[PDB]
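> Pasting an experimental structure, sequence included:
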Amino acid sequence: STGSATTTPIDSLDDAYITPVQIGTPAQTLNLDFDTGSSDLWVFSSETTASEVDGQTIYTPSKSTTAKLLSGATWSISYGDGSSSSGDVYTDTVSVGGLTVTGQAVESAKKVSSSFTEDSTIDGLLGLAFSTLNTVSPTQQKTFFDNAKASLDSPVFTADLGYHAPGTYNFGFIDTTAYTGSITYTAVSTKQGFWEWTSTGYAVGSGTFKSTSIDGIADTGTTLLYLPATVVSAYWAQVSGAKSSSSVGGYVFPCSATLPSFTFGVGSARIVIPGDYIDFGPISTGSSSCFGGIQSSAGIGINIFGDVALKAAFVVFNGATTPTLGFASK
Ligand SMILES: C[C@@H](C(=O)O)N(C)C(=O)OCc1ccccc1
Ligand code: NA
């Protein structure tokens, strides 16, 4: 089997991407944030505290003929940005882009933090990291990908995120029309439960490539590119008037600037992030200070190849017995 679903930016900045997901019988379609940096599939629901719901579509298990309470199971998750959610668990039928899993754990939120409530466009998360990170207790649950894997034509999924445009998540096949040149594959460590890999270095604009190992995660659920302070300083030093602000919490720069590209290494290959991808617009409405898309990973404890980096590539998440990542230009 295979599946193929379109993923759409939630706003004009590509702050996140949403993908429609069918849950239950008859189908209830929710727009979920596919997150390769976490391992829970959780939704706004009929159980979510009413004051914490503001415009999201909810899953109502009592209206699904295939929903079953997973008796005694609870979940609670905290993300890198400080946001959180928790609740109880149902099993139900879940379909993505025509690929169906029966018996998927659907984590129903009883509580969500303010950042979720305030984002009316995201109805929940679908985690695509390794199932070792799933938070369900006392019986840990599998991700949608892990439950689908054995049925897929090939044990893979691909992320093809758009810049200010829709893109695609495919399951079970690699669309050879969706990228240019060849795919370069690189080793993955599952020791922390992430799609963790080592980039071979970077370049700023038309500058020389610096060969250096950068260990980080491929995380579709993180907006920006978080790299070591040395690398980030070298990037922003090429933009006149750019500076790290604490008041803002990151590098800002003149909205009048033209940003340089940023290149990262995948083995001997190179992925180029155009400068425009690094512009996250005014810090506040009407400001002439703009927020940068490359930021320091200092204090976060890991480097994160978030959407800024991933959207410049066709990315293959290879869940074979020894997982790997692949990257192609597009
Ligand atoms: C041969 C290798 C390399 O860069 O040395 N290469 C081109 C390559 O794609 O390696 C992919 C891979 C990594 C880990 C386990 C299996 C496969
Ligand atoms: Na922000």
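Right, received. Where do you want to start? Numbering: from 1, shown residues only. Ligands and ions are numbered 1, 2, ... in the order given.
> Tally up the residues packed near the nearest residue in space to residue 220 that is not next to it in sequence, please.
Once flanking residues are discounted, residue 220 sits nearest to residue 36: 4.5 Å by C-beta to C-beta, 6 or more residues apart in numbering. C-beta here means a position set from N, CA and C on the backbone, and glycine is covered the same way. Applying other C-beta atoms under 10 Å, we find 27 other residues in the vicinity of residue 36.
> How much space separates residue 36 from residue 202?
Relative to residue 202, residue 36 is positioned 21 Å away (criterion: C-beta to C-beta, to the nearest Å).
> And for residue 29?
Counting by C-beta to C-beta, the separation of residue 29 from residue 202 is 40 Å.
> if you count what's nearby, which of those two comes out ahead?
residue 202 (23 against 14).
> What residues does the more buried one make contact with?
Counting by C-beta atoms under 8 Å, 6 or more residues apart in numbering, residue 202 touches 209-210, 212, 214, 227, 231, 262-265.
> Dump the residues you listed to CSV, plus neighbour count and distance to ligand 1.
Conversion of the contacts of residue 202 to CSV gives the following (neighbours: other C-beta atoms under 10 Å; distance: C-beta to the nearest ligand atom, whole Å):
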residue, neighbour count, distance to ligand 1
209, 14, 17
210, 16, 19
212, 14, 17
214, 19, 16
227, 26, 22
231, 22, 22
262, 28, 22
263, 19, 18
264, 25, 15
265, 23, 11
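> export those residues to JSON lines and tack on distance to residue 150?
Listed next are the contacts of residue 202 as JSON lines, based on distance: C-beta to C-beta, whole Å:
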{"residue": "209", "distance to residue 150": "41"}
{"residue": "210", "distance to residue 150": "42"}
{"residue": "212", "distance to residue 150": "39"}
{"residue": "214", "distance to residue 150": "34"}
{"residue": "227", "distance to residue 150": "36"}
{"residue": "231", "distance to residue 150": "40"}
{"residue": "262", "distance to residue 150": "38"}
{"residue": "263", "distance to residue 150": "38"}
{"residue": "264", "distance to residue 150": "33"}
{"residue": "265", "distance to residue 150": "34"}
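> Let's see which of those residues end up in helices.
Secondary structure of the contacts of residue 202 is defined by DSSP state H; positions in helices are residue 231.
> Inside strands: which ones of the contacts of residue 202?
Within those, membership in strands is found for 210, 212, 214, 227, 262-265, as judged by DSSP state E.
> Which single one of those is nearest to residue 235?
Distance to residue 235, by C-beta to C-beta, is smallest for residue 262 among the ones in strands among the contacts of residue 202, at 6.0 Å.
> List the contacts of that closest one.
The neighbourhood of residue 262, defined by C-beta under 8 Å, 6+ apart, consists of 202-205, 225, 235, 272-273, 275, 278, 294.
> Please name the nearest non-neighbouring residue to the residue in the stretch 151-300 of the chain that ligand 1 sits nearest to.
With distances taken as C-beta to the nearest ligand atom, the stretch 151-300 of the chain approaches ligand 1 most closely at residue 185, which sits 3.3 Å away. Ranked by C-beta to C-beta, 6+ apart and with sequence neighbours excluded, the top spatial neighbour of residue 185 is residue 326, at 4.5 Å.
> ok, that neighbour touching residue 187?
No: contact criterion C-beta atoms under 8 Å: residue 326 and residue 187 do not qualify, at 11.2 Å.
> and the stretch 51-200 of the chain, which of its residues are near ligand 1?
For the stretch 51-200 of the chain, the contact set with ligand 1 under C-beta under 6 Å from any ligand atom comprises 185, 187.
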